[PDB]
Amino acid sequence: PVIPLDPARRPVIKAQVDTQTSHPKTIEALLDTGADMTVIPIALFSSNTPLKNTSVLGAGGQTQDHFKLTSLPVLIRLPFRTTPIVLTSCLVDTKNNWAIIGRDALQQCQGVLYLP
C-alpha cells in the first residue's frame, strides 16, 4: 500500500512473525525507516530459547540489557505479499514488548520512502 505519514498516528502494519521457536503469531508492528534492524517482542519466543547479549544505542541512551539478539532466523509474512521476509538475525525486546519493522525487512519488501 501507500502509507501516509502523520505525527499523530504511528505508521503500523499487521505482520505474522515466525521465530521458529514456537507457533507464528500475527502482531502489530511500527514501520520504521530509522531502525537498522527489526525488533520482536520476547513473548513470541519459547521460554527456554538461547538468545545473545547485545548493546543498543537509541534516543534514551545506550542499553546493555533491554534487547537480545536471536539465535535462529525469523520469518515475517506481510498481509499483501506471499513471500516470507527472512531475517538472519534481529532484536528481541525483553521488556517493553516493542514490535518494529526496520530497514532489513523493508528492503526485502522493496519498501521505499517517497517525497514528491
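Counting begins at 1, following the sequence as shown. Throughout, rigid core stands for the largest set of C-alpha atoms superposing within 1.5 Å between the two forms.
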For this session: Would you say which of 7-15 and 93-101 moves more relative to the shown form in 7 other deposited structures of this protein, going by RMS C-alpha distance with the core superposed?
Result: 93-101
For this session: Using RMS Cα distance over all structures and residues, flag whichever of 76-84 and 29-37 lies farther from this form in 7 other deposited structures of this protein after a core fit.
Result: 76-84
Seminar exercise, completed: Stretch with higher mean Cα temperature factor, 82-90 vs 67-75, is 82-90
For this session: With reference to the PDB entry, specify whether the mean Cα temperature factor is higher for 20-28 or for 99-107.
Result: 20-28
For this session: Please pick out which of 34, 50, 58, 41 has the largest Cα B-factor as recorded in the entry.
Result: 50
